[PDB]
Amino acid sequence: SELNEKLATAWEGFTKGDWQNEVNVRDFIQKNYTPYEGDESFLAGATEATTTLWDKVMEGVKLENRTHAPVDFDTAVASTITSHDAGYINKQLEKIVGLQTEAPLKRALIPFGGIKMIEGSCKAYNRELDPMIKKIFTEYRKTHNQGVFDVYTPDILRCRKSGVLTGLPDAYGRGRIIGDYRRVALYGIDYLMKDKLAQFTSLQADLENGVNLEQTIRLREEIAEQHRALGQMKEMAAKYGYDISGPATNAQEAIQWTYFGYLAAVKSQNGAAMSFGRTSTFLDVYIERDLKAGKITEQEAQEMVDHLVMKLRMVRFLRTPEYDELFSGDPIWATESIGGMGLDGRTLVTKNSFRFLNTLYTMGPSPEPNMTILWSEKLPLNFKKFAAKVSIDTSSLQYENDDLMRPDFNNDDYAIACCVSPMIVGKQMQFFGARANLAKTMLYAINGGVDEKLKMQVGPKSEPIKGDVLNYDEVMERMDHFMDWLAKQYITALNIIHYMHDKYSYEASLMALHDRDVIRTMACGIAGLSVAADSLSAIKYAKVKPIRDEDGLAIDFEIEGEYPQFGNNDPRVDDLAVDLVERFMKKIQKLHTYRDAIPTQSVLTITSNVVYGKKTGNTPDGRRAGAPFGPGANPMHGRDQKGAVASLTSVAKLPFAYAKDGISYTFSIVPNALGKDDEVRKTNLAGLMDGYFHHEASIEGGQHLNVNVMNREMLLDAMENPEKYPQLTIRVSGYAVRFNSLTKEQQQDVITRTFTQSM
């Protein structure tokens, strides 16, 4: 009798399945969603409530961009799931409700991660931290930040300072965790609490029998803290007049219930990336049903989605200036995975798939949510064209290869965390690790571990390369060794980091929405792949000569001849990049990791391409000192000159089999390069992607693609006239950003990047 009276009332009309007897969101979707292959013809426009609400919010957004600072934020309250009272923009107009604090865009204090960062923010934005809060989180409640720096080695500290291993999650929430928020809409809190209680009890035997004693005790307490979090979710909702103890009854509640789950998360955790998951299709099941019963109109459907997506555009977090340069544009990464194909061949695309992209029109361009299209050659052409259309009109979408990941996971319910990190919802998470500086690692190989800017020993002491002319084999050999060292220091830092985060900032509310046992990966990132690969190409195909100073340190390089650069579909250099990705992966792969997280790799950088760039001296490839690296796996600025097809082919060659955490690529192409009119552009854009993502047994294919369709001229104009593009949005590294939210220097990077002029 797993069919209570409300359960039955709430699920009235839903197809039966295991999902009614156990927690299985995937099954529910499979037995109930209705595939859609039509076009946008049905989409409705914004309601007056929507426009009124959004415009009010934009006023705060303009203030943020203009002042490059928070509109406001807490100074004396420690944020919790239940700490704040309900806040609204206009209670009489919102269909979906919920704010992190009591006021739109006001940022909170999440002290559990560390008190020093909060002080830094207070100082930077001219505000005073409440002395009691400071005392509590320095003497009574130890923070994640304190725990990490109490266990760090001086070597790691040197790497942090020199710029070889900087920006790791030791001063901000680790994130990279997506709780299955859909669960609360489907089952209700009470049902989920009973399920957790069962999970809790299932560990008693092992405990009593001393089986994995410490691991079992840890999991028990975690599940207990999870159970307690679910109860707080209810209290949180209650403050808003909602009772979410039971399952969602209609579309409106399905949306509200799911958002409420996410709200608890962004009210309690600092995560660099707090992704939404794969919810559009799921919610469509409730929308369809209400539509078919004539309980809701189509325009009322969009309104709800709009108000949901609107709240996602309002998620904010207090960050330090240091954080701002590591992750530019006030990012949040409220990622939504749309479309895709099921394992049974039908498309997961639905009307709600369109409703989501339509928020870009209904409310203009927006950086968040980070809407990600799970691409497949088998997608309904109607959808392929419309997505491309939205990309052409807004440059607010990103695409990931569903033909590649779906099979790799052999699951059709996986989502994208942050930029390109895949995970099966509710069953897997990542132990976030920013990225290491691969380029500086090569310089260390040439300078015997001495940093070229600080001139102090950082890497293992060893003899610097002597020749007057660099030689490929020799340089590769020393780099290989220095990469062993990097891998050991990197894993070591992450091991202590995730040990402390589990201890002082366990994300209870998010883990409560996962199975009892969750798969964990140790995601390691690589920055400057293209500067590293080219540098080698220069050395292996041209004559690179080091210019050394009085101490013999290589401070510059002269080049005689030309060499194949990455991104021009030239195996000579591309094979070198493919090789680097492979080496590093095979190295971090041999190290022991905390809680046995499976080491993984990603070619992602975020704004680390800028921070690592200015901390890295002249390199063999020719890049001058202080120059930004390329975003993610992108060729170095302007070096990919053989058009789109070429650059796309080079990147697609990068082995996702060794970069399971994702391979980011930002593609900027001028309007006319795609065609003379939108119909041609839509068709050509789609075509380009089908080729890039083309997955075959002997052709892995590309994994990700940001799509920017614009003219460099337009950006230059924006720089001069901010007030003219309040909502201008652009893809910059695997996520979107409002151009005006960037700094001068960061904009400088963007505008100097490659603007594909032809195919």
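A residue's number is simply how far along the shown sequence it sits, counting from 1. Under this definition, the rigid core comprises the largest set of C-alpha atoms superposing within 1.5 Å between the forms.
Choosing between 605-613 and 534-542, the greater Cα displacement from the shown form in 6 other deposited structures of this protein, fitted by the core, goes with 605-613. Of the two segments 493-501 and 419-427, the one whose CA positions lie farther from the displayed form in 6 other deposited structures of this protein, once all are superposed on the rigid core, is 419-427.
Look at the mean CA B-factor for 115-123 and for 378-386 in the entry; the higher one is 378-386. In this crystal structure, the stretch out of 154-162 and 461-469 whose C-alpha atoms carry the higher mean B factor is 461-469. Reading the B-factor column for the CA atoms of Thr143, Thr101, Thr593, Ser668 in the entry, the top value corresponds to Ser668. Between the residues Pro571, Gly329, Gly525, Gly167, the entry's highest C-alpha temperature factor is the one at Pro571.
Sort the chain's modelled residues by C-alpha temperature factor and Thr605 lands in the lowest third, per the entry. The deposited CA B-factor of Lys427 belongs to the middle third of values across its chain.
Ranked by Cα temperature factor within the chain, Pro247 sits in the middle third according to the deposited record. In the PDB entry, a CA B factor belonging to the lowest third of its chain's modelled residues is recorded for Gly147.
In the PDB entry, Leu486 places in the middle third of its chain by CA B-factor.
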